[PDB]
Visitor: 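Here's a structure for you.
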There are 2 protein chains.
Amino acid sequence: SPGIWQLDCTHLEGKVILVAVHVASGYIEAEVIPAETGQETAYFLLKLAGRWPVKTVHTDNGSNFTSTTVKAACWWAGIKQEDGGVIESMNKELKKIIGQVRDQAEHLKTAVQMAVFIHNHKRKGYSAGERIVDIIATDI
Amino acid sequence: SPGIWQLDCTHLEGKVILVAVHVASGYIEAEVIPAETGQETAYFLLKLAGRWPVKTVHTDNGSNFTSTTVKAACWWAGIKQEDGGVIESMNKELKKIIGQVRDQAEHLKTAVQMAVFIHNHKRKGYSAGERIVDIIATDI
Ligand SMILES: Cc1cccc(Cl)c1CN1CCc2cc(-c3cnc(C)c([C@H](OC(C)(C)C)C(=O)O)c3N3CCC(C)(C)CC3)ccc2C1
Ligand SMILES: Cc1cccc(Cl)c1CN1CCc2cc(-c3cnc(C)c([C@H](OC(C)(C)C)C(=O)O)c3N3CCC(C)(C)CC3)ccc2C1
């Protein structure tokens with residue numbers, strides 16, 4: 001459980017928001033990209049795996065599953081690539097927060113990182129950031 | 001100790017590598033940018049604070065300390081901004097790893113994220129990624 005992540009892709013303002021969700025905690029990382037490609041997904045995953053112990057990634061669709069560039073990044077980073085309700089509720093919630101901060105941010109990416117911050121800090125009493133750290137520390 | 005980070009800036013291939021070091025563990029996050037500006041530093045810090053519990057940032061120079069954009073990001077993210085050997089050895093080590101992977105990466109940013117990964121996973125027996133998680137979990 002501690003090493004399992006789910007990728008998730010959603011659209012906003014003509015751009016794409018790529019999200020990784022740590023399944024057991026609900027903790028997220030996200031980035032704005034112009035469109036989802038294999039190279040963007042591969043790079044996102046390389047970043048994620050250098051920061052957290054990513055063992056398994058449930059890819060968000062069959063194109064990223066099939067992408068040899070994504071496969072190369074999973075190979076490089078030691079990630080097991082696998083296939084994929086709660087995430088749909090996650091996308092609506094992320095878009096909700098983005099709308100609440102949109103007035104504070106000129107750039108979409110700034111608003112998206114504000115929403116990542118608010119999501120990971122929200123208490124509902126532990127936060128997702130506390131849960132992911134607690135879950136991984138007990139694995140150690 | 002668990003919430004203290006040090007910013008660090010170094011040059012390579014005509015670009016800038018901006019590094020945040022979790023002081024107590026040696027864990028790092030890094031990004032390639034064209035040049036260090038207040039807006040790039042502010043954005044980097046917003047990202048960092050949504051992912052880890054950043055309480056205090058020792059800024060890397062007086063321009064980022066003074067930057068009202070950096071101050072605004074620290075205010076937004078609840079970071080105490082403060083002022084600033086080991087980091088110089090960190091920069092040399094990061095450049096060392098980047099050179100070892102440079103042949104595997106077309107883009108500098110890819111090589112930089114490979115070096116972030118290798119740095120955080122290296123055992124020297126715990127890794128920096130294990131230490132930062134252990135340090136923060138005990139604070140909880
Ligand atoms: C709030 C504060 C605290 C302490 C001192 C001072 Cl004196 C201030 C007032 N500041 C004085 C500079 C300043 C710059 C900004 C600012 C300017 N341009 C842009 C592009 C952004 C931002 O993109 C970035 C993230 C910089 C790429 C965006 O996408 O909107 C900015 N940030 C808004 C979001 C933020 C995370 C809060 C950081 C600041 C906003 C507000 C303020 C107001
Ligand atoms: C290694 C492997 C495992 C499983 C299946 C397959 Cl069949 C393969 C072979 N792959 C078959 C596709 C492919 C694409 C690449 C690839 C292509 N273009 C670029 C720009 C990059 C990379 O930028 C990115 C990170 C994609 C923006 C860069 O900066 O160099 C690439 N990555 C090199 C680094 C990586 C983290 C390893 C991920 C792949 C490299 C190697 C391979 C070799």
Side-chain angles (χ1 to χ4, degrees), chain A residues 2-3 5 19-22 24-31 44 46-54 97 109-110 112-121 123 126-140, chain B residues 2-9 17-31 40-54 56-60 64 70 73-79 81-82 84 94 112-113 115-117 119-121 126-140:
Chain A
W5 292 78
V19 185
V21 188
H22 182 261
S25 69
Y27 171 96
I28 71 174
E29 297 215 20
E31 293 295 351
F44 183 71
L46 172 68
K47 281 192 295 188
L48 185 74
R51 292 161 176 68
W52 298 98
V54 182
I97 298 159
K109 65 180 185 173
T110 301
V112 161
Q113 296 312 317
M114 291 174 165
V116 169
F117 181 108
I118 287 160
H119 177 85
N120 288 335
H121 283 84
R123 299 186 170 288
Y126 294 93
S127 70
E130 291 168 332
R131 287 187 294 270
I132 183 169
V133 165
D134 185 18
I135 283 160
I136 292 164
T138 59
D139 191 40
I140 297 162
Chain B
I4 301 173
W5 292 78
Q6 172 77 62
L7 285 175
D8 177 29
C9 175
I17 302 168
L18 184 55
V19 185
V21 188
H22 182 261
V23 178
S25 69
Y27 171 96
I28 71 174
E29 297 215 20
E31 293 295 351
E40 295 289 5
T41 299
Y43 185 64
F44 183 71
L45 290 178
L46 172 68
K47 281 192 295 188
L48 185 74
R51 292 161 176 68
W52 298 98
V54 182
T56 292
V57 166
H58 295 285
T59 304
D60 52 331
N64 276 336
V70 175
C74 288
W75 165 82
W76 193 95
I79 300 171
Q81 195 196 35
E82 296 181 20
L94 265 171
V112 161
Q113 296 312 317
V116 169
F117 181 108
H119 177 85
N120 288 335
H121 283 84
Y126 294 93
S127 70
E130 291 168 332
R131 287 187 294 270
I132 183 169
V133 165
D134 185 18
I135 283 160
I136 292 164
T138 59
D139 191 40
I140 297 162

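A, B, ... follow the sequence lines: proteins, then strands. Residue 1 opens every chain.
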Visitor: Quick one: list whatever passes side-chain contact (heavy atoms from CB on, under 4.5 Å) with B:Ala42, sequence neighbours left out.
Guide: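 B:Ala42 satisfies side-chain contact (heavy atoms from CB on, under 4.5 Å) with B:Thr69, B:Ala73 once adjacent residues are dropped.
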Visitor: Do you know the tightest heavy-atom contact between B:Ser25 and B:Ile135?
Guide: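 Nearest heavy atoms, B:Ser25 then B:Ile135: CB-CD1, 4.0 Å.
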Visitor: Taking C-beta and beyond as the side chain, do B:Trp76 and B:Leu46 meet within less than 4.5 Å on heavy atoms?
Guide: yes
Visitor: Taking only residues two or more places apart in sequence, or in another chain, which ones meet B:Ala30 in a side-chain contact (heavy atoms from CB on, under 4.5 Å)?
Guide: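 Per chain and number, B:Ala30 pairs via side-chain contact (heavy atoms from CB on, under 4.5 Å) with B:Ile17, B:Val19, B:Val112, B:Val116.
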Visitor: Kindly assign one of parallel, tilted or perpendicular to the pair A:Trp52 and B:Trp52, based on the angle between their ring planes and the thresholds 30° and 60°.
Guide: parallel
Visitor: Could you tell me whether the side chain of B:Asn120 and the main chain of B:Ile28 form a donor-acceptor pair under 3.5 Å?
Guide: yes
Visitor: Mind checking the CD1-OG spacing from B:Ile132 to B:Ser127? Nearest 0.5 Å is all I need.
Guide: 10.5 Å
Visitor: Roughly how far, to the nearest 0.5 Å, is CG of B:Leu45 from CD of B:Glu29?
Guide: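 B:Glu29 atom CD to B:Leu45 atom CG measures 11.0 Å (nearest 0.5 Å).
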Visitor: Please confirm whether the backbone N or O of B:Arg51 pairs with a side-chain atom of A:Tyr27, one donor and one acceptor, at under 3.5 Å?
Guide: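 Judged by distance alone, yes, a pair lies under 3.5 Å.
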Visitor: Can you list the steps and then say if A:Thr138 with A:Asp134 is a side chain to side chain contact (heavy atoms under 4.5 Å, CB included)?
Guide: CA-CA 6 Å; A:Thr138 59; A:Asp134 185 18; 3.7 Å; yes
Visitor: Quick one: CH2 on B:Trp5 to CD on B:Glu82, what's the gap to the nearest 0.5 Å?
Guide: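 Spacing of CH2 (B:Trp5) from CD (B:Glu82) equals 15.5 Å.
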Visitor: Considering only heavy atoms from C-beta outward, does the side chain of A:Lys47 approach that of B:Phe117 to under 4.5 Å?
Guide: no
Visitor: Is there a side-chain contact between A:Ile97 and A:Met114 (heavy atoms, below 4.5 Å)?
Guide: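 No. Closest side-chain heavy atoms not under 4.5 Å.
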Visitor: Under 4.5 Å between any side-chain heavy atoms of A:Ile136 and A:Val133, yes or no?
Guide: no
Visitor: Would you check if the side chain of A:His22 reaches a backbone N or O of A:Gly3 as a donor-acceptor pair within less than 3.5 Å?
Guide: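 Here the side-chain-to-backbone pair does not exist.
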Visitor: If you round to the nearest 0.5 Å, how far is OG1 of B:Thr41 from CD of B:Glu31?
Guide: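 Here the rounded value is 12.0 Å.
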Visitor: Taking all heavy atoms of B:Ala77 and all of B:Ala49, pick out the closest pair and write down the distance.
Guide: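 Closest heavy-atom pair between B:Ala77 and B:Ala49: CB-CB, 3.8 Å.
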Visitor: Does the A:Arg131 side chain pair with the main chain of A:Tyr126, one donor and one acceptor, at a distance under 3.5 Å?
Guide: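 Side chain of A:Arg131 to backbone of A:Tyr126, a donor-acceptor pair under 3.5 Å: yes, one is there.
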Visitor: Quick one, B:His58 and B:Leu7 - any side-chain contact, counting heavy atoms below 4.5 Å?
Guide: no
Visitor: Start with the C-alpha distance between A:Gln113 and B:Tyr43, add both sets of side-chain angles, then the distance that settles side chain to side chain contact (heavy atoms under 4.5 Å, CB included), and finish with yes or no.
Guide: CA-CA 9 Å; A:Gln113 296 312 317; B:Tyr43 185 64; 3.4 Å; yes
Visitor: Can you name the residues that form a salt bridge (charged side-chain N to carboxylate O under 4.0 Å, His left out) with B:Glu40, not counting sequence neighbours?
Guide: none
Visitor: Between B:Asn64 and B:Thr59, do the side chains contain a donor N or O and an acceptor N or O under 3.5 Å apart?
Guide: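 There is no such pair (donor and acceptor under 3.5 Å, judged by atom type) between the side chains of B:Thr59 and B:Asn64.
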Visitor: If you measure from NE2 on B:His119 to CG on B:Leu94, what distance do you get to the nearest 0.5 Å?
Guide: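 Rounded to the nearest 0.5 Å, the NE2-CG separation comes to 6.5 Å.
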